[PDB]
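These notes concern the structure reproduced below.
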Amino acid sequence: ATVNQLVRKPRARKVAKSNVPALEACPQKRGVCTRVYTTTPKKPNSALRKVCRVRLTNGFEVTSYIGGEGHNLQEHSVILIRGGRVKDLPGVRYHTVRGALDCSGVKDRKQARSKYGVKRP
Amino acid sequence: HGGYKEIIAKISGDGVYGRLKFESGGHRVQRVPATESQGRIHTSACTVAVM
Amino acid sequence: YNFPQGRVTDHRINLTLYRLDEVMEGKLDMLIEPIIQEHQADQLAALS
Amino acid sequence: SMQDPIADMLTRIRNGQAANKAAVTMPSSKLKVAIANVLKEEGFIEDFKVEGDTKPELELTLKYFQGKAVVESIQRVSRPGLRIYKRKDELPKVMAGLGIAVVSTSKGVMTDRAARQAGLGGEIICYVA
RNA sequence: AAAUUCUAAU
RNA sequence: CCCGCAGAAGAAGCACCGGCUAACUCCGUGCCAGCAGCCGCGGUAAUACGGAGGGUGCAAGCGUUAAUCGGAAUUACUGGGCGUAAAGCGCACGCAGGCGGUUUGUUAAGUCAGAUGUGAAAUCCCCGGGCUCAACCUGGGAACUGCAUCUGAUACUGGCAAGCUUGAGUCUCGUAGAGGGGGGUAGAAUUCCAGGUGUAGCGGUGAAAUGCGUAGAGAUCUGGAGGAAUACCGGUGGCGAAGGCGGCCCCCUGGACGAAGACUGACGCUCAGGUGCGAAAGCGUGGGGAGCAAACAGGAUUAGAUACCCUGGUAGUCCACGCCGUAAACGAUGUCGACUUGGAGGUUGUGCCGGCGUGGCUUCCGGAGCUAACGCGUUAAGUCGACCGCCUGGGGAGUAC
Ligand SMILES: [Mg+2]
Ligand SMILES: [Mg+2]
Ligand SMILES: [Mg+2]
Ligand SMILES: [Mg+2]
Ligand SMILES: [Mg+2]
Ligand SMILES: [Mg+2]
Ligand SMILES: [Mg+2]
Ligand SMILES: [Mg+2]
Ligand SMILES: [Mg+2]
Ligand SMILES: [Mg+2]
Ligand SMILES: [Mg+2]
Ligand SMILES: [Mg+2]
Ligand SMILES: [Mg+2]
Ligand SMILES: [Mg+2]
Ligand SMILES: [Mg+2]
Ligand SMILES: [Mg+2]
Ligand SMILES: [Mg+2]
Ligand SMILES: [Mg+2]
Ligand SMILES: [Mg+2]
Ligand SMILES: [Mg+2]
Ligand SMILES: [Mg+2]
Ligand SMILES: [Mg+2]
Ligand SMILES: [Mg+2]
Ligand SMILES: [Mg+2]
Ligand SMILES: [Mg+2]
Ligand SMILES: [Mg+2]
Ligand SMILES: [Mg+2]
Ligand SMILES: [Mg+2]
Ligand SMILES: [Mg+2]
Ligand SMILES: [Mg+2]
Ligand SMILES: [Mg+2]
Ligand SMILES: [Mg+2]
Ligand SMILES: [Mg+2]
Ligand SMILES: [Mg+2]
Ligand SMILES: [Mg+2]
Ligand SMILES: [Mg+2]
Ligand SMILES: [Mg+2]
Ligand SMILES: [Mg+2]
Ligand SMILES: [Mg+2]
Ligand SMILES: [Mg+2]
Ligand SMILES: [Mg+2]
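Protein chains in written order, with the entry's author numbering: chain S, 2 to 122; chain R, 156 to 206; chain P, 310 to 357; chain C, 2 to 130.
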């Protein structure tokens with residue numbers, strides 16, 4: 002662009018919106034589960050993923066993923082969620098922190114324990 | 156091409172429901188289909204109910 | 310029902326068998342006998 | 002329309018070098034004569050001459066050394082749409098000092114070395130290397 | 001001169 | 001801070017090992033359980049899931065999450081693009097704004113040089129010093145790229161005064177042209193009306209049928225009415241800013257080019273907002289209606305045929321006035337100016353003796369150069385200058401409010 006065309010109207014930078022807007026620039030949030038269910042992934046994957054619907058303390062209503070093998074969560078359990086998404090699931094962009102308030106760590110785990118809230122035996 | 160989109164039949168006899176009531180749900184089949192040009196193995200399912 | 314391997318597996322009781330051809334010709338009794346064996350085993354337990 | 006004479010001179014020199022011409026002729030002025038004088042003094046052209054009384058013509062004689070152009074590049078810097086003035090401490094160096102940059106200071110048209118030896122700044126006319 | 005179609009694992 | 005006592009005595013974990021990315025084998029499961037930053041792994045012989053052995057990177061820490069800059073030249077001042085990948089407004093006139101051929105004199109506003117005042121301390125950088133070292137503390141400098149004032153320089157830009165003619169325009173003679181507005185007229189043909197001759201078919205299709213005809217059709221000849229368009233010439237020919245313009249004649253009118261001379265003297269270029277013109281379809285009022293023909297009706301073909309094919313046929317197509325303002329409005333290429341090897345043509349002026357030159361517009365090939373390639377190539381998409389418009393992944397969407 003001509004120097005005059007830039008003098009009249011400068012360059013404008015992109016907004017660069019966020020992909021975890023329910024945390025509101027916080028590392029973790031606390032919520033209450035309202036439904037625990039299983040869904041199916043996109044093509045080409047096939048499984049029965051474990052997810053839940055959680056209502057947060059700031060007034061949001063989001064979907065969270067429960068990793069690991071075997072969980073004790075039922076409805077009306079307070080959980081701590083963090084950022085991070087699941088690729089083949091439509092609309093899941095938060096993760097459940099294992100070893101947090103009312104979700105116990107994966108049993109019989111021996112490798113990468115700190116990522117699943119498992120104490121060292 | 157082949158069988159049925161939906162077949163419903165009535166079975167009369169003794170102890171029929173006592174033996175056939177465990178067949179409900181879904182049944183999966185993995186095989187080379189007849190409607191396939193290549194030799195690709197395919198997975199499909201059928202749904203069964205007993206009343 | 311795995312036709313390439315000729316196998317039939319049941320996931321409720323975790324029982325696999327290699328007699329698919331006999332099943333598809335109408336001898337599925339051997340599939341339904343064990344399930345009842347488990348199922349009835351719980352009817353007497355649920356008396357509390 | 003015709004709004005910049007100096008890059009017309011520069012473009013004529015460039016096109017003459019690229020087309021392997023022996024000399025280039027153009028209408029004349031005083032700034033053109035000064036720039037041509039700097040070029041001749043710094044060994045970029047053979048000679049120049051102005052002629053005529055009512056409509057003077059300025060002619061430059063181009064040189065080739067090993068059957069190729071001597072003026073590898075010559076470009077305008079301070080154009081009518083954007084003027085460039087440099088202080089004596091910010092005068093540029095072309096090709097790490099191998100080439101030259103023409104400046105116009107309050108004492109006339111000269112190079113960047115001559116401007117540093119005079120302790121002066123001015124307007125950057127062109128980079129020729 | 002006529003003439004529709006071929007799902008889903010390479 | 002220092003000295004003595006006993007004894008290795010009290011003291012190592014976290015992530016990772018398919019590629020990016022340093023570091024591989026066995027067992028279990030079998031699109032299940034599960035992994036994942038992106039590609040993507042798992043379907044009964046998995047270096048990618050879980051465990052074990054081994055190994056790699058950090059280390060009193062190690063990973064994950066959140067937030068900012070970088071990589072991102074991915075908003076490109078430094079430092080990007082617009083023929084076909086996103087991107088030149090449909091075209092033009094023009095106010096504000098941006099830019100300005102050539103010479104002399106003056107000014108010192110922009111510019112440059114020097115000095116002075118200020119630019120808090122701390123922070124960053126450099127040479128030292130003190131804590132056993134380091135982190136940390138501290139002496140001096142450098143820097144704080146800025147602003148104001150005083151004195152000088154006049155090359156460039158700007159102001160003022162006087163100029164000059166090459167840019168721009170006026171005048172004298174002429175040439176070509178479907179450039180525009182109004183009016184008149186001619187010939188061929190289709191349709192309809194009346195009459196004469198004459199008799200069994202005509203029309204249409206791949207084949208048929210609907211349709212017309214013994215109430216005399218189709219064919220043929222004579223006279224009349226009306227509307228619309230102009231065969232041949234006609235040509236990658238011409239004119240116009242673009243949209244567009246085609247029989248002949250008259251009236252009114254715009255621009256282009258050519259040869260010699262005279263005149264004014266920078267009066268110029270581009271243009272946000274603004275204004276004007278702008279194919280076809282469409283809308284309002286009033287006329288007109290031959291031919292053609294959306295909608296509609298019937299006959300076919302077809303598994304069906306709300307189509308292609310056949311027979312009819314209403315708005316519309318035409319005129320006057322007024323709206324509309326859109327096209328693959330395309331050279332998918334904004335306007336203005338300068339420079340840079342050639343060849344074959346078309347059209348239209350002019351000088352000298354069929355030859356020799358010299359201007360305007362235009363078609364085809366091709367060199368250097370440029371381009372991702374195709375290709376463009378003196379009519380540039382080559383080398384530069386001035387101004388404007390526009391683009392920033394694909395859908396959603398040129399859509400909602
Ligand atoms: Mg079908
Ligand atoms: Mg297919
Ligand atoms: Mg490696
Ligand atoms: Mg892992
Ligand atoms: Mg294995
Ligand atoms: Mg950047
Ligand atoms: Mg980033
Ligand atoms: Mg740029
Ligand atoms: Mg780009
Ligand atoms: Mg495009
Ligand atoms: Mg255009
Ligand atoms: Mg102006
Ligand atoms: Mg001015
Ligand atoms: Mg000054
Ligand atoms: Mg100063
Ligand atoms: Mg300071
Ligand atoms: Mg001046
Ligand atoms: Mg005419
Ligand atoms: Mg005309
Ligand atoms: Mg008759
Ligand atoms: Mg023309
Ligand atoms: Mg005229
Ligand atoms: Mg005329
Ligand atoms: Mg005069
Ligand atoms: Mg204009
Ligand atoms: Mg406008
Ligand atoms: Mg119309
Ligand atoms: Mg209409
Ligand atoms: Mg009308
Ligand atoms: Mg009407
Ligand atoms: Mg018709
Ligand atoms: Mg019909
Ligand atoms: Mg448009
Ligand atoms: Mg057109
Ligand atoms: Mg366009
Ligand atoms: Mg040009
Ligand atoms: Mg070519
Ligand atoms: Mg290009
Ligand atoms: Mg060009
Ligand atoms: Mg160009
Ligand atoms: Mg709209």
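From the three backbone atoms N, C-alpha and C, an ideal C-beta is built for every residue, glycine too.
Item                                                                                                                                                                                                     : Value
Does DSSP classify C/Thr112 as helix, strand or coil?                                                                                                                                                    : coil
Put R/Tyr172 into one of helix, strand or coil per three-state DSSP.                                                                                                                                     : helix
How big is the Cα-Cα spacing for S/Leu57 and S/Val87?                                                                                                                                                    : 19 Å
Chain P partners of R/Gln185, CB-CB under 8 Å?                                                                                                                                                           : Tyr310, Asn311, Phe312 and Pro313
Which residues, taken in chain order from the segment 329 to 345 of chain P, show a beta carbon closer than 7 Å to some beta carbon of chain R?                                                          : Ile341 and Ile344
Answer yes if the segment 71 to 80 of chain S comes into contact with the segment 18 to 37 of chain S, meaning at least three C-beta pairs across the two stretches below 8 Å, and no otherwise.         : yes
Extract the residue ranges of the alpha helix (DSSP H) inside the segment 2 to 83 of chain C, only unbroken runs of 4 or more that lie entirely within it.                                               : 6 to 19 and 31 to 42
Anyone know if the C-beta pair for C/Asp48 and C/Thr62 falls short of 9 Å?                                                                                                                               : yes
Could you tell me which of P/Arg321, P/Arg328, P/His320 and P/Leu324 sits nearest to P/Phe312, measuring between CA atoms?                                                                               : P/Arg328
If contact is defined by three or more beta carbon pairs under 8 Å, each pair taking one atom from either stretch, is the segment 89 to 96 of chain C in contact with the segment 122 to 130 of chain C? : yes
Counting pairs of Cβ atoms below 8 Å between the segment 4 to 22 of chain C and the segment 63 to 74 of chain C, do you hit three or more?                                                               : yes
Can you name the residues that DSSP bridges to C/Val103?                                                                                                                                                 : C/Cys127
Are C/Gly123 and C/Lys87 closer than 9 Å when you measure CB to CB?                                                                                                                                      : yes
Is it true that the segment 101 to 120 of chain S meets the segment 160 to 169 of chain R, where meeting means three or more beta-carbon pairs spaced less than 8 Å apart?                               : no
Taking the Cβ atom as the reference point for each residue, do S/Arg94 and S/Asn20 lie within a distance shorter than 9 Å?                                                                               : yes
Answer with buried or exposed for S/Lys30, where buried requires no fewer than 16 other C-beta atoms within 10 angstroms of its C-beta.                                                                  : buried
Quick check: the Cα distance between R/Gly158 and P/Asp319, rounded to an integer number of angstroms?                                                                                                   : 24 Å
How about residue 1 of chain C and C/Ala24: are their beta carbons less than 9 Å apart?                                                                                                                  : What is shown of chain C runs 2 to 130, which leaves residue 1 of chain C out entirely.
Is it true that the CB of C/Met3 sits closer than 9 Å to the CB of C/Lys33?                                                                                                                              : no
Going by DSSP, what residues sit across from S/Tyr95 in a beta bridge?                                                                                                                                   : S/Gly84
Can you give me the C-alpha to C-alpha distance between C/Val39 and C/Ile85, rounded to a whole angstrom?                                                                                                : 20 Å
Distance cutoff 9 Å, beta carbons only. Does R/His182 sit that close to anything in chain P?                                                                                                             : yes
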